[PDB]
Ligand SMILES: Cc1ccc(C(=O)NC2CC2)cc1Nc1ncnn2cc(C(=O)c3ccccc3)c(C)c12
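Take a look at this one chain, the form deposited without this ligand, written out in structure tokens.
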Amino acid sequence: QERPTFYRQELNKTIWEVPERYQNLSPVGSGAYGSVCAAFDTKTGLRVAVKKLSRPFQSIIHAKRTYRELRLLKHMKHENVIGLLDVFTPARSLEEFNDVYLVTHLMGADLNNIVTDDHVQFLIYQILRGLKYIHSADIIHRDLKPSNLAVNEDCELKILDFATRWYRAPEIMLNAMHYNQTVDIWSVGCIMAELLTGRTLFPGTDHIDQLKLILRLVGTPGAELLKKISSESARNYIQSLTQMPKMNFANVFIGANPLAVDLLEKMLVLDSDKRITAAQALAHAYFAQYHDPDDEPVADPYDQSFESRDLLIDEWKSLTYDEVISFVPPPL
């Protein structure tokens, strides 16, 4: 399996050493984690995003995050989830391996590019279709929000990026000892509401304002419920506040589709063992025009045993190098 021909260039004081297939690299972004160039991929005809990781192996914590990110991106093979087009390194061996470049579809426009009930059915459907997939591999997104959702001109949607707290599940904000995949359904619920109404559902000015906004809608959780969704400290905090009744949704969402309101009632609940799952949500009558049980696929199993392991920098690096070397590009 021959090494492509590489060429070097310096753009905005960054070195990019890339296979010749990637042309007309144009700087598009920078950040603590890497720099990004938009490029033309001459092999596939696609416009791509090439990300050059920034100091991928500088600490243990960095080397592990690099590995995690590559393992995740390599796993995702779904229409509604960002996948990995390519990963490469100019290194010819593990000994010279210092730099990692990740290539994905070039996205540009996120959910907030909204410049209509049927569009919201389609958009929310796609998010849930991707989450069904992600959750089936026992992966939790944990911070889903409009900025992490790319949408093209045909309203076709992808989940990215596995910092606002407006969409975060209460059991995360309250630091519960345990939580499940349905934290992501809370977030979808907040996203759906905003698409239906055109306003942020819980626009808290800070953490405590956010909590109080939430309680005002859903009502104060009873003893057994609060205990399971909160840290010991947060449990005592909530116990100190005045109790709130549950509001009737659709006094809140006046004029939204009644099925939409019904689905929201099932997503925006504090009890994460009662909160509707991605799979169950896809079969809700709100998505009757979109739902197809034989076109909502699930994921291969994803091995996260590395997450419990404390390894040295060189071990994280070597595992990462193994995954670069073993990568097999998607059909295209």
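The term rigid core refers to the maximal set of C-alpha atoms that superpose within 1.5 Å between the two forms. From 1 onward, residues are counted along the sequence shown.
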Extent of unmodelled deposited sequence, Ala163 relative to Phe162: 10 or more
Of 249 to 257 and 216 to 224, the stretch whose C-alpha atoms average the higher B-factor in the entry: 249 to 257
Stretch with the higher entry mean CA B-factor, where the candidates are 262 to 270 and 290 to 298: 290 to 298
Selection by C-alpha B-factor (highest) of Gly108, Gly130, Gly189, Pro170: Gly108
Given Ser233, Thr116, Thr182, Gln126, the residue at which the Cα B factor reaches its maximum: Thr116
Relative C-alpha B-factor of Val36, binned into the chain's lowest, middle or highest third: middle
Position of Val48 among the chain's modelled residues by C-alpha B-factor, lowest, middle or highest third: lowest
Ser59 - which third its CA temperature factor falls in, relative to the rest of the chain: highest
B-factor third for the C-alpha atom of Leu25 within its chain: lowest
Among modelled residues of the same chain, the CA temperature factor third for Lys145: middle
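Not on display, but discussed next: the form deposited with this ligand bound.
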Open or blocked: this ligand superposed from its pose in the entry with it bound, cut-off 2.4 Å to backbone or C-beta: blocked
Residue stretch of 89 to 97, 257 to 265, 69 to 77, 196 to 204 approaching this ligand in the entry with it bound, non-hydrogen atom distance within 4.5 Å: 69 to 77
Contact label in the entry with it bound: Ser136 to this ligand, heavy atom within 4.5 Å: no
This ligand contact at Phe253 in the entry with it bound, heavy atom, 4.5 Å: no
4.5 angstroms heavy atom contact with this ligand in the entry with it bound for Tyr125: no
Any non-hydrogen atom of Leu217 within 4.5 angstroms of this ligand in the entry with it bound: no
Stretch 42 to 70: residues contacting this ligand in the entry with it bound, 4.5 Å heavy atom cut-off: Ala49, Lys51, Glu69
Residue from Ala39, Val269, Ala299, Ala278 whose Cα, after superposing the rigid core, lies 2 Å or more away between this form and the one not shown: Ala39
Residue shift check between this form and the one not shown, rigid core fit, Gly255 Cα at least 2 Å: no
Displaced residue check between this form and the one not shown: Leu53, CA, 2 Å or over, core reference: yes
Large Cα shift (2 Å or above) at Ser231 between this form and the one not shown, core-fitted: yes
